[PDB]
S.K.: 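My questions will all concern the structure given below.
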Amino acid sequence: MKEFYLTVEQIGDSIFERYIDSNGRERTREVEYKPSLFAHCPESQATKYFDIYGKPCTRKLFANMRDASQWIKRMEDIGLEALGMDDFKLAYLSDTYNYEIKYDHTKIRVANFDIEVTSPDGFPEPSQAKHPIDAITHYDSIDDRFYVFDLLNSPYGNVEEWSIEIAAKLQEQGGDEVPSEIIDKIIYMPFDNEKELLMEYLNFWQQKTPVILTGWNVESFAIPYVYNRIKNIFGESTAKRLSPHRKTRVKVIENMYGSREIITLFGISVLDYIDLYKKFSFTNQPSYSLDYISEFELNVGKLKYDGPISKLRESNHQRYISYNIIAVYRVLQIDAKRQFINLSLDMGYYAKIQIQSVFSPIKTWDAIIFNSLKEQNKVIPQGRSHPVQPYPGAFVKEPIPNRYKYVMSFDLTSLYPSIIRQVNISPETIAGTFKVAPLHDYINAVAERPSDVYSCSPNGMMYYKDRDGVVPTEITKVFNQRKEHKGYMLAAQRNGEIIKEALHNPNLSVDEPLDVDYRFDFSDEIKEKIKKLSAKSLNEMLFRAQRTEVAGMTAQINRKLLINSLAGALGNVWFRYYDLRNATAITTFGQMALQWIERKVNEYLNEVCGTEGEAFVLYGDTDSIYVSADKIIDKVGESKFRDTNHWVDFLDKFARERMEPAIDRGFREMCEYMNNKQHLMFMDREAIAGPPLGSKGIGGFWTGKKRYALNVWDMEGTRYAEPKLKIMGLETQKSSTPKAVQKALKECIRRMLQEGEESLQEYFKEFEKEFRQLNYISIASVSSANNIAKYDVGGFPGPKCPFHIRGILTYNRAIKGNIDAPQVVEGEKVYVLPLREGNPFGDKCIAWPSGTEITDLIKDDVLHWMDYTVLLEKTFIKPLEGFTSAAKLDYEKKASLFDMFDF
DNA sequence: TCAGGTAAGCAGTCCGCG
DNA sequence: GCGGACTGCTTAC
Ligand SMILES: Nc1ncnc2c1ncn2[C@H]1C[C@H](O)[C@@H](COP(=O)(O)OP(=O)(O)OP(=O)(O)O)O1
Ligand SMILES: [Ca+2]
Ligand SMILES: [Ca+2]
Ligand SMILES: [Ca+2]
Ligand SMILES: [Ca+2]
Ligand SMILES: [Ca+2]
């Protein structure tokens, strides 16, 4: 097999590389890497190497990396460009793997672990590590085994051995319900003392050295705790045995609360699962506890125990150990669904970077482009300092707040990347400039044609159309991958709706789920076989389909993120190819395109509907338009349709057969105007929206920019079994909105759109009466807690202190002394509740860490003093007032003269 | 060794307001 | 008690 790296590191004048050799063996090597950089030279003659602008460069081969760094400094002091790849390990990887890396994941050691540390005096701070590690579960992906290290003897208690027979039993039978499919995979190892545990753990780590280290919050807890604990007992160089190159970096950041540590383990690639989750999940969660995310992702119940965790080991060591193991397995289960580690490996190896750099699209794209240009023997430019400058982005149309009955939307595919490809925007393809003119003049096709020679953006820039650029070339490759995965995603989605329709008529039989590839639309014969299946097998098939759809989602949305990040990176001062000319060429062209097609769509629909000056496009954001279809429906009559599906088929046909060609004509004209290299503005129908036929629902409404709701029947070719709410921007979509309020506002919205005003009043009435009965956690608001120190005096509110920060400070006073109370972590989310005037807490609100119950010592007072009236008014009524007044609806009955008609 | 982007809504603080 | 000028946070793209 072809070799591939595992990790790369630069230590001195040495590169340290772990790799997989041609026999599939893991090896490590130290290489005295001799790097090259470049300098502009005469011309004039005979070089071979050219910078991206075509200017000749001479190659400087250095005896070591130190010398090449020093030479870089001298060139700066002289005032001359030092060209070439200055991150030498990227250069090393590029030289050593000069071919497309095909990797074998079964040879890459991916380690999942977590530790337990009993602490009788508050959170065990890793930077201190003054309490014993009493449990480690470490899952190795090569062995497919959970290695459990369990401390029996501790200054905080002596316990008996953990029992695997008890662990396996149902919780209802006194066991721990450790999943059956991992019971045979546990290798349990008890210890009579912590030193022997830690020694054995380090020895184990030498034999089975992680390449990818992950887990839940391992970067901020597990890793620094283990490092500092070992350092405190054995000395630092023993703790350095966690690095295979025996090299670590300890970054501090201190006070005032206050002091944490991130340990860098050279020769390892840490990918904390919380960081993967945050970057790649496209959720915003009110909490990032593992219980919370596990529930969300897997529908598993929280790991229940009695008493504080500080006492769990001594009261129920059996459960303590089992939960340590289960928490490790849960991260694996989430990864099985989400596939972020796969994504990371795919991305790292494609780009030729350290795997942990997949977090940085700038590092990722510097490597991709570097590698692309090196193949053509071109020399990359030096990175320069730039001052940060604000610049213009997208256009958002101001909508008339109203109800909108029948709505069709249309969207440009992968817009910013498509603009880069269409215009040919790249650092080395800049042709020149032209005299601009106001954007409005281009939108209305009245401005002078920018050029008849070069490809243009309305920001003033001209690009060559016969050369091709590194950015369009490399962005097209990732884009093409994205659309493939999006196709798998959508097919799995459509196939999912086929199973759901079939679930209306399950057969009374005993059978098996079909063996099919959910990435491809079902064939007629698979569809027939499905009509004969039992519910149990259909439900199994739906779950597999949905998993296929999630997998596709991860693959496609994150490739989308990578290419969109290339367009933004052009506007970041640390990007080697930073250039506001290019960044604004994308955003300004985008602004023109949306408004251009608004005009063209208004022009087309006025023609076909025999009218003039009527506004069909009711709204647009960045690359999308929303078209009122009321008049289209009216021209035929609601009379008249057989059912809901009938008018949806009609709008679908009208969008596909009439509107899309008119749109395509509009954009081809715009491509001609801008004299672009390639037409790539592909605007396809997205959603079909409206009420159920013969109901009183309003179909949709807008309240303002980025705030609307639609009752959607078809979405990108997926015809739903049951209509789905597309809600954007509203409080239902925000993580700061209390759980039960999200749920209540959604049902309020559902009733408005599908059922009508009357139904809405019914529900509101009930929710208002029942509000005070809801659990306090479900009605708490959530907020991130940044910049706490700034506003602390303390421990009282400073000037302009935000509400949520005020509540934290109130919490911090209420939990002085007694240490069973968990502390608020800077940058993390908190629950927030208003308090009634005169409360014993001495302020208008309180806040505590989200995902958790408020400590039992103050919980009773919070519950007694919670201001329900203010809660309901702030979180539910005020938002609902916004929705209903926009939609010309009332959530409770108004006037009226009729009032006096029951006696 | 640290670094995709901008547009834009709403909650809240401070202040003005016989 | 509720507006405008700010900060903070959060979402849509
Ligand atoms: N996370 C982001 N980072 C940077 N730019 C973004 C991001 N999301 C959206 N944009 C910008 C670039 C996009 O091309 C443009 C339109 O957004 P959007 O419609 O969500 O995706 P898209 O048009 O790129 O892909 P799709 O094919 O899924 O429609 O807005
Ligand atoms: Ca734990
Ligand atoms: Ca789009
Ligand atoms: Ca689309
Ligand atoms: Ca059937
Ligand atoms: Ca869009």
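Each chain gets a letter, A, B and so on, in the order its sequence line appears, and its residues count up from 1. Computed over heavy atoms, backbone and side chain alike; hydrogens, waters and symmetry mates excluded.
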S.K.: For A/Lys397, which contact category applies under a 4.0 Å heavy-atom criterion: base, sugar-phosphate, or nothing?
M.R.: nothing
S.K.: Expressed as a whole number of angstroms, how long is the span from A/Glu731:CD to B/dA11:P?
M.R.: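 Roughly 6 Å, once rounded to whole Å.
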S.K.: Could you measure the distance from the CG atom of A/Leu412 to the CE atom of A/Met683? Nearest 0.5 Å is fine.
M.R.: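 The CE atom of A/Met683 is 4.0 Å from CG of A/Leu412, to the nearest 0.5 Å.
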S.K.: A/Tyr404 vs A/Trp702 aromatic rings, parallel, tilted or perpendicular, using cut-offs 30° and 60°?
M.R.: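 Rings of A/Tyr404 and A/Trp702: perpendicular, over 60°.
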S.K.: Side chain of A/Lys844 only, heavy atoms from C-beta on: which candidate in B/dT13, B/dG9, B/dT1 is closest?
M.R.: B/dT13
S.K.: What integer distance in Å separates A/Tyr416:OH from B/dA7:P?
M.R.: 9 Å
S.K.: Under 4.0 Å, heavy atoms only, any strand: does A/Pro392 hit a base, just the sugar-phosphate, or nothing?
M.R.: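 A/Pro392: backbone/sugar contact only, no base atoms under 4.0 Å.
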S.K.: Any side-chain N or O of A/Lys705 less than 4.0 Å from the OP1 or OP2 oxygen of B/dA8?
M.R.: yes
S.K.: Within the 4.0 Å heavy-atom criterion, would you say A/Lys251 contacts the bases, only the backbone, or no part of the nucleic acid?
M.R.: base
S.K.: Does B/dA11 have OP1 or OP2 sitting under 4.0 Å from an N or O in the side chain of A/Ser781?
M.R.: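 For B/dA11, neither OP1 nor OP2 has a side-chain N or O of A/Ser781 closer than 4.0 Å.
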S.K.: Enumerate the residues from residues 571-595 of chain A whose closest heavy atom to DNA chain C is under 4.0 Å, giving them by residue number; use none for an empty result.
M.R.: none
S.K.: What's the separation between atom OG in A/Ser372 and atom CD1 in A/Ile380, rounded to the nearest 0.5 Å?
M.R.: 12.0 Å
S.K.: In terms of relative ring orientation, are A/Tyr288 and A/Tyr277 parallel, tilted or perpendicular, with 30° and 60° separating the classes?
M.R.: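 Perpendicular, since the angle between the ring planes exceeds 60°.
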S.K.: Distances for protein N/O vs nucleotides 9-11 of chain C N/O pairs under 3.5 angstrom?
M.R.:
from: C/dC9; atom 1: OP1; to: A/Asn786; atom 2: N; distance (Å): 3.4
from: C/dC9; atom 1: OP1; to: A/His804; atom 2: NE2; distance (Å): 2.9
from: C/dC9; atom 1: OP2; to: A/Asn786; atom 2: OD1; distance (Å): 3.2
from: C/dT10; atom 1: OP1; to: A/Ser784; atom 2: N; distance (Å): 3.0
from: C/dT10; atom 1: OP1; to: A/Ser784; atom 2: OG; distance (Å): 3.3
from: C/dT10; atom 1: OP2; to: A/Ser784; atom 2: OG; distance (Å): 2.7
from: C/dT11; atom 1: OP1; to: A/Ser735; atom 2: N; distance (Å): 2.7
from: C/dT11; atom 1: OP1; to: A/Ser735; atom 2: OG; distance (Å): 3.2
from: C/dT11; atom 1: OP2; to: A/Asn284; atom 2: ND2; distance (Å): 2.4

S.K.: Counting the atoms with a prime plus P, OP1 and OP2 as sugar-phosphate, which does A/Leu561 contact under 4.0 Å by heavy atoms, base, sugar-phosphate, or nothing?
M.R.: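 Counting heavy atoms under 4.0 Å across all strands, the contact made by A/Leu561 includes a base.
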